Number of protein chains: 4
Amino acid sequence: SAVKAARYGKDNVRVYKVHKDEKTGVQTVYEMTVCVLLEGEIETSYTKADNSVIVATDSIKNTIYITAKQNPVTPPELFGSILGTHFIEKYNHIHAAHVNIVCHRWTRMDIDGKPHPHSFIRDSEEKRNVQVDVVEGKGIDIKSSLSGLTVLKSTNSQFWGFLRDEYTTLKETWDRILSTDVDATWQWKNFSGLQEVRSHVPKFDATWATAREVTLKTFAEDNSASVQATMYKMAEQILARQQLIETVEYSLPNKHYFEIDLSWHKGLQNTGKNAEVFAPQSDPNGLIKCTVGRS
Amino acid sequence: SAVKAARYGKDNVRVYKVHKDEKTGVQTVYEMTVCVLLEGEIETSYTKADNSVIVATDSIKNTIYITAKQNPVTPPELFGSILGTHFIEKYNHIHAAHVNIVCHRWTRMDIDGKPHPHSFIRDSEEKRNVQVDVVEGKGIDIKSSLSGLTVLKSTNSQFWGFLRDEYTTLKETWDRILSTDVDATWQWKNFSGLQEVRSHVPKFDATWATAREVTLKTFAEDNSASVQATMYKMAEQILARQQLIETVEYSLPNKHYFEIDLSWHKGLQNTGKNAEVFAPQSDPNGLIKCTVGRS
Amino acid sequence: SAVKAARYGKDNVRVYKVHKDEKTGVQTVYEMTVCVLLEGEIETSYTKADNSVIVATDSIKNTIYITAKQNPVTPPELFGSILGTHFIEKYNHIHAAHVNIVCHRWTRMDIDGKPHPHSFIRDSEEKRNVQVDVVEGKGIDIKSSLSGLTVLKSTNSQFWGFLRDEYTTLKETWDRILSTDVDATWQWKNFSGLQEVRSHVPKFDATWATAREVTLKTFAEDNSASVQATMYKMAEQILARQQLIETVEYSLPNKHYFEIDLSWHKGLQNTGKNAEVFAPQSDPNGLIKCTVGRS
Amino acid sequence: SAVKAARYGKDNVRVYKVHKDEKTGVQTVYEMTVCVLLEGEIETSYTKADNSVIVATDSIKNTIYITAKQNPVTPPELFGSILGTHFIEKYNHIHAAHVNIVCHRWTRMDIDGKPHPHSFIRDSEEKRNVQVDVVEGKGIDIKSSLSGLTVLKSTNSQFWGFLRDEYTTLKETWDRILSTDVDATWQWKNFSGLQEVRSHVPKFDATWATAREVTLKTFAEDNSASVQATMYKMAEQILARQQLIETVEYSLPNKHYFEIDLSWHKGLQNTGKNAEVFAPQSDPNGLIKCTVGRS
Ligand SMILES: O=c1[nH]c(=O)c2nn[nH]c2[nH]1
Ligand SMILES: O=c1[nH]c(=O)c2nn[nH]c2[nH]1
Ligand SMILES: O=c1[nH]c(=O)c2nn[nH]c2[nH]1
Ligand SMILES: O=c1[nH]c(=O)c2nn[nH]c2[nH]1
Ligand SMILES: O=c1[nH]c(=O)c2nn[nH]c2[nH]1
Ligand SMILES: O=c1[nH]c(=O)c2nn[nH]c2[nH]1
Ligand SMILES: O=c1[nH]c(=O)c2nn[nH]c2[nH]1
Ligand SMILES: O=c1[nH]c(=O)c2nn[nH]c2[nH]1
Ligand SMILES: O=c1[nH]c(=O)c2nn[nH]c2[nH]1
Ligand SMILES: O=c1[nH]c(=O)c2nn[nH]c2[nH]1
Ligand SMILES: O=c1[nH]c(=O)c2nn[nH]c2[nH]1
Ligand SMILES: O=c1[nH]c(=O)c2nn[nH]c2[nH]1
Ligand SMILES: [Cl-]
Ligand SMILES: [Cl-]
Ligand SMILES: [Cl-]
Ligand SMILES: [Cl-]
Ligand code: NA
Ligand code: NA
Ligand code: NA
Ligand code: NA
Ligand SMILES: [Zn+2]
Ligand SMILES: [Zn+2]
Ligand SMILES: [Zn+2]
Ligand SMILES: [Zn+2]
Ligand SMILES: [Zn+2]
Ligand SMILES: [Zn+2]
Ligand SMILES: [Zn+2]
Ligand SMILES: [Zn+2]
């Protein structure tokens, strides 16, 4: 036997950071969950009980805190790049660092129509994430995403013209509910190192905002032929609006809402044009995926 | 042996309803999860295999749908009252109906600064709930609540002057983080029946709004001496602003954020006035509860 | 306004304890999650920012650890009684202590047919719990339970003879699946204090075992007329086998498994006597409850 | 823009199947959750609203049921292979089918020391899984796994000799707790098609049993130098015992149990050799991964 692949590190590291403006009194908070996995010349820890090659996962945890103390934690693309670069530079025998960051929402509260200086609300379980892979000699590969963006439209979704054979019972429809949890990822051009990541810093927040805006507007406005057709429109628009992205990927569940035939009860009409009350289905769900790149 | 208490019904019934304005084209959606448990002269179903006294839970489910089709589902206090009243009136031997409703958020999307007619977003896992107990001959008892309202303030929370003995290690503080998930319940005066509930319908949405507004403003503005002291202020204000409530109850976790001493690493200062990076603690958590009524 | 009720403490306190037999080398582990809430003359912490009456929740946490170090953690009825008694005795102004313990399974592994001295497996998310309320001047009230015991029988469950009216669509059946998650609670006679609890210590493990055995055997062997009828049989047997219990309570979901009509596909027969493949339903679920006491 | 990758299908399809032996009366149950995603000449569904290429996800769901009715559902490697082969054979334009199956435990109950003919218990959330990728012209690729196997040993785990620098605070130890949730995957040699999968059917259950047995015995018996060293031993043994496997992969969290220093309280000794009571840590956790293949 031999080690074909190995990585190890610390997962589920919760991190909060506050910034306090001394002049204005305004405070701003950031909260994340971080995972860091390292690769390199570490196989002997597995094969020979050689712990000398192990940067302890506890030490990786310490390093996350220390790095958060001494550097910006936003945008997460930057923080992840700094953190991953640290491991490959500090340790000769560590040659890759994989850094995943889930960013949690702490949106500043408005009280009586004014933004409060130090109070925040979790508006939504929606996350902003990054996966940053820093590979020695091969730069920094960043995948940015939004996830857990849960939406529903009550009309202007259709699904007809699909294949019909002896396995098919689904009725064609020209007016259905469409609900999903959006998971959208944009893959950046490889960056050569930290300097290049830093040179593009404003683009990270701007591109997250573009992706979110395009997703919401396209979902709301597209008289959808299918989940497939709608998600493709989202992806093509995002690519058109950020040249430093190479691909956009969507993974969308179709969270079904079924009509309920009540006509057995006093002829009550609740289907088709008369459908008012529906049964949200927890499972199963359609799952529709696409990765779109440039022609 | 004998039956001392019994109730049965259908739980976790997901319900969506849409309203479509024909004139304007504006659609509005509602989504809930419902549980209904019935009580009455049903003991023989337990003791003698007498199913004749059982209104099948499947039929209870059907009835939830039918009732949602033929009645308003908002405010939930009203829907729950209608539904519970149905069971005790329809079935001579059923003498109480317990109806719990969890309302899920589907907030209308704004696209390009305009409210969209049929697209919605789940902004937050915060719920609005009701527990409605309809008891034959004893009216309708309603407990309204908000839950899952997750907030954080980064300063203007204190905790000092607590009991100190040989079990105490906690340091006094004049500046800490405070974060919680608000669960707040207001208990209405008993209503004599459906007519009286209907007569107060506007008060239900208004009182939920008051409770939420008071909670957020008090949390944001109170230079808090403790969770106890802050929650009491919330409750007293809500009672002062709705005379038809008898009590307000809060249940608040203290979701701790611990300082991280980094001074072992190059003398890095991250405690006290220099605290920037914190460790959010998943567990354990303080749990602070109060029920406040009128003097 | 005035405080009508108040309690506070520390929740979700994870605790592990190991016992090591020096002679044999056999180690035994225990893992729990504890919550402790205190009541007493504490209202001024809410109304006047008087923290002097607060035994800090952090100190309550310390006390849980210390008490676990110096006392048995098994049976949980005993540990909870010791812990709750400590708070009301140590603090003059604390008059009630509510202690909930969830016990997690760490079952000793068998390796090559022999019990291993220090390796354990979580066989099942089933829990054994206690709720212990120690009230100064009013003894110790203990509710013991098992929960999360998930079972299924593939036949010998029936449901017919239920009420049929215009809300009813459910077909009678003489052969269905029955699956549930058992939550069963036995309420002990009030104990006067710790001495009396200690005097009955062996009965706690014995009665948990009886409750579990009766539950499983009755579920397996009863040709069930309904969930109601089966659960009542369980409760009556447990009461008959422990005179120091006053009531037994069950709360059972009916976790439905629906037939799937496939006859639209090449006349495939999968209903009634030919039913082989079923659709487990995540929601909704029946919920059936009973509390049984002595005649 | 252009589609670079696309797949779609139905996820979270719950399936139960019962087998009834007419002669003996013994019934046996199987429960799974299935996902199926298809690939092929489907890009126009995304780019041109061409639904004619879509086998509806609803139809995929029907097909899962139908296939379960007409074929064995065990071992899951076989069922997944049959199901995936169906899609690529039935639909000319579908060229790959990805089938994931999570198998849920329904272990036959023993009542009074005898196996019951039709009653079952969920002993453990441990799963047995398969990922089966059927690719037209390229055979069938199967990854088998066990997951959610949660274990703890109370001694005979060590961790010393790791790298120590200015980021390191972790103390070396020669006696700690080790607890993990085992996720282990064995990757089979490519199979040319269904005939070859069928020819190896007995090996699937046998190899799952070997993997589980090796995992448990090695965990229990290895005086572990690290998670890395222990998991490697597991993998090498499994490879040695099934020549039709190419690799074994483990992903193991190190679910930390921290000592609690109580010496501030009356000099209580609870560290090192005196450690009895520990604080299980929910997060963060080490995460250790390896893929082992043949030299
Ligand atoms: O790459 C990762 N992505 C994730 O979403 C994640 N979550 N935990 N760890 C993770 N690593
Ligand atoms: O948008 C949809 N895409 C699909 O592929 C599908 N299949 N069933 N329903 C569907 N809806
Ligand atoms: O839920 C899922 N998400 C995915 O991205 C995926 N890929 N394969 N199977 C999958 N299931
Ligand atoms: O009274 C209830 N409250 C709840 O929060 C709930 N959830 N399920 N059922 C319920 N019943
Ligand atoms: O607000 C608080 N209340 C308490 O009762 C407490 N105990 N520890 N910390 C605390 N913070
Ligand atoms: O989490 C909890 N919430 C409560 O309301 C409560 N009451 N007792 N114990 C409790 N634990
Ligand atoms: O009394 C309680 N029962 C419980 O099940 C529980 N869980 N957390 N706290 C709790 N308190
Ligand atoms: O056992 C059952 N009890 C009920 O009350 C019921 N209602 N529908 N199905 C049922 N099954
Ligand atoms: O899920 C539930 N369990 C219960 O015990 C209960 N009581 N009321 N509603 C309830 N819902
Ligand atoms: O390939 C998959 N693996 C999984 O574990 C899974 N879960 N859902 N879908 C899935 N697909
Ligand atoms: O087994 C372990 N492996 C590691 O890599 C590690 N790091 N800290 N603790 C550890 N324990
Ligand atoms: O929890 C995780 N599991 C994994 O397999 C993994 N890979 N990268 N990050 C990861 N995080
Ligand atoms: Cl779909
Ligand atoms: Cl607290
Ligand atoms: Cl039921
Ligand atoms: Cl680790
Ligand atoms: Na390096
Ligand atoms: Na009645
Ligand atoms: Na006292
Ligand atoms: Na094909
Ligand atoms: Zn991770
Ligand atoms: Zn990761
Ligand atoms: Zn309920
Ligand atoms: Zn309820
Ligand atoms: Zn609790
Ligand atoms: Zn409790
Ligand atoms: Zn899937
Ligand atoms: Zn999958």
# chains A, B, ... in the order shown; residues from 1 in each chain; ligands from 1

$ interface_residues --of "chain A" --to "chain B" --cutoff "6 Å" --atoms "only C-alpha atoms" --output "VMD selection string"
chain A and resid 14 to 18 69 118 to 124 150 to 154 220 276 to 280

$ write_last_selection --atoms "C-alpha atoms" --output "tab-separated table (two decimals), in the first residue's frame"
chain	number	residue	atom	x	y	z
A	14	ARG	CA	-15.95	29.80	14.25
A	15	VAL	CA	-14.47	33.29	14.05
A	16	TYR	CA	-15.93	36.69	14.93
A	17	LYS	CA	-14.15	39.98	14.38
A	18	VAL	CA	-15.23	43.49	15.25
A	69	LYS	CA	-6.29	39.56	14.20
A	118	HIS	CA	-23.47	48.45	17.13
A	119	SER	CA	-26.55	46.24	16.74
A	120	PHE	CA	-27.05	43.62	14.08
A	121	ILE	CA	-29.56	41.08	12.86
A	122	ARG	CA	-29.15	37.71	11.14
A	123	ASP	CA	-31.43	38.39	8.20
A	124	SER	CA	-31.41	35.07	6.51
A	150	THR	CA	-34.33	30.74	-0.73
A	151	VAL	CA	-36.89	32.17	-3.13
A	152	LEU	CA	-40.36	31.44	-4.49
A	153	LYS	CA	-42.42	32.77	-7.36
A	154	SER	CA	-46.13	32.03	-7.46
A	220	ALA	CA	-38.30	37.29	-10.68
A	276	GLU	CA	-55.15	28.46	-4.06
A	277	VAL	CA	-54.01	25.97	-1.41
A	278	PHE	CA	-50.96	23.80	-2.13
A	279	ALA	CA	-48.96	21.11	-0.37
A	280	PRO	CA	-45.26	22.06	-0.15

$ residues_near_ligand --ligand "ligand 19" --cutoff "6 Å" --atoms "only C-alpha atoms and all ligand atoms" --output "list in words"
residues 88, 89, 91, 92, 93, 94 and 95 of chain C

$ write_last_selection --atoms "N, CA, C and O atoms" --output "CSV table (one decimal), in the first residue's frame"
chain,number,residue,atom,x,y,z
C,88,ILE,N,-30.3,24.3,45.9
C,88,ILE,CA,-31.3,24.8,46.9
C,88,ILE,C,-30.7,24.8,48.3
C,88,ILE,O,-31.1,25.6,49.1
C,89,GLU,N,-29.7,24.0,48.6
C,89,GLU,CA,-29.1,24.0,49.9
C,89,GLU,C,-28.0,25.0,50.0
C,89,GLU,O,-27.9,25.6,51.0
C,91,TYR,N,-27.6,27.9,48.4
C,91,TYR,CA,-28.1,29.3,48.2
C,91,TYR,C,-29.4,29.5,48.9
C,91,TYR,O,-30.4,28.9,48.5
C,92,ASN,N,-29.4,30.2,50.0
C,92,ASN,CA,-30.6,30.4,50.7
C,92,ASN,C,-31.8,30.9,49.9
C,92,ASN,O,-32.9,30.4,50.0
C,93,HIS,N,-31.5,31.8,48.9
C,93,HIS,CA,-32.6,32.5,48.2
C,93,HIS,C,-33.0,31.7,46.9
C,93,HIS,O,-33.9,32.1,46.2
C,94,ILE,N,-32.3,30.6,46.6
C,94,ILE,CA,-32.7,29.7,45.5
C,94,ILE,C,-33.6,28.7,46.1
C,94,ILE,O,-33.2,28.0,47.0
C,95,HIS,N,-34.8,28.6,45.5
C,95,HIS,CA,-35.8,27.7,46.1
C,95,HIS,C,-36.2,26.5,45.2
C,95,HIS,O,-37.0,25.6,45.6

$ residues_near_ligand --ligand "ligand 28" --cutoff "9 Å" --atoms "only C-alpha atoms and all ligand atoms" --output "ChimeraX atom specification"
/D:11,34-37,98-101,131

$ select_by_dssp --residues "segment 116-276 of chain D" --states "alpha helix (DSSP H)" --output "PyMOL selection string"
chain D and resi 194-199+201-221+227-241

$ write_last_selection --atoms "C-alpha atoms" --output "PDB file, in the first residue's frame"
ATOM      1  CA  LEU D 194     -24.152  -5.054 -15.557  1.00  0.00           C
ATOM      2  CA  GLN D 195     -23.070  -8.601 -16.292  1.00  0.00           C
ATOM      3  CA  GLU D 196     -19.727  -8.017 -14.606  1.00  0.00           C
ATOM      4  CA  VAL D 197     -21.316  -6.281 -11.604  1.00  0.00           C
ATOM      5  CA  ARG D 198     -23.709  -9.206 -11.206  1.00  0.00           C
ATOM      6  CA  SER D 199     -20.807 -11.666 -11.399  1.00  0.00           C
ATOM      7  CA  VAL D 201     -22.490  -9.591  -6.238  1.00  0.00           C
ATOM      8  CA  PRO D 202     -21.481 -11.535  -3.100  1.00  0.00           C
ATOM      9  CA  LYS D 203     -18.340  -9.425  -2.797  1.00  0.00           C
ATOM     10  CA  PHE D 204     -20.296  -6.274  -2.086  1.00  0.00           C
ATOM     11  CA  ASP D 205     -21.806  -7.311   1.266  1.00  0.00           C
ATOM     12  CA  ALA D 206     -18.611  -9.203   2.131  1.00  0.00           C
ATOM     13  CA  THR D 207     -16.409  -6.168   1.513  1.00  0.00           C
ATOM     14  CA  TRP D 208     -18.672  -3.818   3.450  1.00  0.00           C
ATOM     15  CA  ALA D 209     -18.450  -6.287   6.346  1.00  0.00           C
ATOM     16  CA  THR D 210     -14.661  -6.464   6.050  1.00  0.00           C
ATOM     17  CA  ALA D 211     -14.347  -2.688   5.978  1.00  0.00           C
ATOM     18  CA  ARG D 212     -16.544  -2.304   9.035  1.00  0.00           C
ATOM     19  CA  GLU D 213     -14.814  -5.088  10.974  1.00  0.00           C
ATOM     20  CA  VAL D 214     -11.329  -3.779  10.159  1.00  0.00           C
ATOM     21  CA  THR D 215     -12.354  -0.255  11.101  1.00  0.00           C
ATOM     22  CA  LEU D 216     -13.731  -1.280  14.488  1.00  0.00           C
ATOM     23  CA  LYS D 217     -10.978  -3.720  15.439  1.00  0.00           C
ATOM     24  CA  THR D 218      -8.173  -1.393  14.372  1.00  0.00           C
ATOM     25  CA  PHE D 219      -9.748   1.554  16.177  1.00  0.00           C
ATOM     26  CA  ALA D 220     -10.193  -0.514  19.326  1.00  0.00           C
ATOM     27  CA  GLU D 221      -6.794  -2.209  19.325  1.00  0.00           C
ATOM     28  CA  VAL D 227      -5.513   9.689  13.573  1.00  0.00           C
ATOM     29  CA  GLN D 228      -3.314   9.626  10.469  1.00  0.00           C
ATOM     30  CA  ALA D 229      -1.392   6.530  11.530  1.00  0.00           C
ATOM     31  CA  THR D 230      -4.450   4.607  12.648  1.00  0.00           C
ATOM     32  CA  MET D 231      -6.555   5.281   9.554  1.00  0.00           C
ATOM     33  CA  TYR D 232      -3.681   4.223   7.287  1.00  0.00           C
ATOM     34  CA  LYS D 233      -3.601   0.833   9.046  1.00  0.00           C
ATOM     35  CA  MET D 234      -7.307   0.400   8.419  1.00  0.00           C
ATOM     36  CA  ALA D 235      -6.944   1.186   4.719  1.00  0.00           C
ATOM     37  CA  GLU D 236      -3.964  -1.090   4.129  1.00  0.00           C
ATOM     38  CA  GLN D 237      -5.797  -4.040   5.712  1.00  0.00           C
ATOM     39  CA  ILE D 238      -8.932  -3.531   3.630  1.00  0.00           C
ATOM     40  CA  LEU D 239      -6.877  -3.399   0.407  1.00  0.00           C
ATOM     41  CA  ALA D 240      -5.139  -6.598   1.448  1.00  0.00           C
ATOM     42  CA  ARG D 241      -8.491  -8.349   1.866  1.00  0.00           C
TER      43      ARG D 241
END

$ select_by_dssp --residues "segment 79-118 of chain C" --states "strand (DSSP E or B)" --output "PyMOL selection string"
chain C and resi 94-104+107-111+114-118

$ write_last_selection --atoms "C-alpha atoms" --output "PDB file, in the first residue's frame"
ATOM      1  CA  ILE C  94     -32.715  29.743  45.514  1.00  0.00           C
ATOM      2  CA  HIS C  95     -35.822  27.669  46.109  1.00  0.00           C
ATOM      3  CA  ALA C  96     -36.087  25.421  43.052  1.00  0.00           C
ATOM      4  CA  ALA C  97     -33.646  23.760  40.694  1.00  0.00           C
ATOM      5  CA  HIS C  98     -34.753  22.166  37.469  1.00  0.00           C
ATOM      6  CA  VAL C  99     -32.238  19.691  36.081  1.00  0.00           C
ATOM      7  CA  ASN C 100     -32.645  18.031  32.709  1.00  0.00           C
ATOM      8  CA  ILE C 101     -30.189  15.357  31.629  1.00  0.00           C
ATOM      9  CA  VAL C 102     -29.979  13.752  28.206  1.00  0.00           C
ATOM     10  CA  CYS C 103     -27.807  10.633  28.307  1.00  0.00           C
ATOM     11  CA  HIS C 104     -26.003   9.626  25.120  1.00  0.00           C
ATOM     12  CA  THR C 107     -22.048   1.018  24.280  1.00  0.00           C
ATOM     13  CA  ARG C 108     -18.954  -1.093  24.869  1.00  0.00           C
ATOM     14  CA  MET C 109     -17.622  -2.630  21.647  1.00  0.00           C
ATOM     15  CA  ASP C 110     -17.298  -6.353  21.181  1.00  0.00           C
ATOM     16  CA  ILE C 111     -14.182  -7.254  19.238  1.00  0.00           C
ATOM     17  CA  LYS C 114     -15.045 -10.193  23.557  1.00  0.00           C
ATOM     18  CA  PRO C 115     -16.036  -6.927  25.298  1.00  0.00           C
ATOM     19  CA  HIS C 116     -13.309  -4.361  24.777  1.00  0.00           C
ATOM     20  CA  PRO C 117     -11.976  -2.611  27.895  1.00  0.00           C
ATOM     21  CA  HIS C 118     -11.971   0.952  26.529  1.00  0.00           C
TER      22      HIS C 118
END

$ closest_residue --among "D:289, D:189, D:273, D:10" --to "ligand 2" --atoms "only C-alpha atoms and all ligand atoms"
D:10

$ residues_near_ligand --ligand "ligand 11" --cutoff "6 Å" --atoms "only C-alpha atoms and all ligand atoms" --output "short mmCIF file (atom, residue, chain, number, x, y, z; two decimals) with N, CA and C atoms, in the first residue's frame"
data_model
loop_
_atom_site.label_atom_id
_atom_site.label_comp_id
_atom_site.auth_asym_id
_atom_site.auth_seq_id
_atom_site.Cartn_x
_atom_site.Cartn_y
_atom_site.Cartn_z
N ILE A 54 3.77 17.06 10.97
CA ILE A 54 2.44 17.58 11.26
C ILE A 54 2.50 18.93 11.94
N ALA A 56 0.25 20.90 13.89
CA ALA A 56 -0.92 20.38 14.59
C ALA A 56 -2.16 21.12 14.16
N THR A 57 -3.28 20.40 14.08
CA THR A 57 -4.52 21.08 13.72
C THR A 57 -4.87 22.15 14.75
N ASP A 58 -4.50 21.93 16.01
CA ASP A 58 -4.68 22.94 17.04
C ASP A 58 -3.91 24.20 16.68
N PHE D 159 -0.69 11.60 21.09
CA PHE D 159 -0.29 12.54 20.06
C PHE D 159 0.85 13.39 20.59
N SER D 226 -1.60 8.74 16.16
CA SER D 226 -2.29 9.86 15.54
C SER D 226 -3.49 9.29 14.80
N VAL D 227 -4.43 10.14 14.44
CA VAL D 227 -5.51 9.69 13.57
C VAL D 227 -4.95 9.21 12.24
#

$ residues_around --residues "residue 81 of chain C" --least-positions-apart "4" --cutoff "9 Å" --atoms "only C-alpha atoms" --output "MDAnalysis selection string"
chainID C and resid 76:77 85:86 99 132:134 140:142 193:194 197

$ residues_around --residues "residue 50 of chain C" --least-positions-apart "5" --cutoff "8 Å" --atoms "only C-alpha atoms" --output "mmCIF file with N, CA and C atoms, in the first residue's frame"
data_model
loop_
_atom_site.group_PDB
_atom_site.id
_atom_site.type_symbol
_atom_site.label_atom_id
_atom_site.label_comp_id
_atom_site.auth_asym_id
_atom_site.auth_seq_id
_atom_site.Cartn_x
_atom_site.Cartn_y
_atom_site.Cartn_z
ATOM 1 N N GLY B 161 -21.410 42.505 39.325
ATOM 2 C CA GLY B 161 -22.180 42.555 40.554
ATOM 3 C C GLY B 161 -22.923 41.281 40.897
ATOM 4 N N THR C 44 -35.533 40.746 41.447
ATOM 5 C CA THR C 44 -34.879 42.043 41.341
ATOM 6 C C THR C 44 -33.766 42.079 40.305
ATOM 7 N N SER C 45 -33.253 40.922 39.889
ATOM 8 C CA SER C 45 -32.306 40.924 38.775
ATOM 9 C C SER C 45 -32.978 41.395 37.487
#

$ atom_distance --atom1 "atom CA of residue 129 of chain A" --atom2 "atom CA of residue 12 of chain A"
13.5 Å

$ atom_distance --atom1 "atom CA of residue 250 of chain A" --atom2 "atom 5 (O, counted along the ligand's line) of ligand 3"
9.2 Å
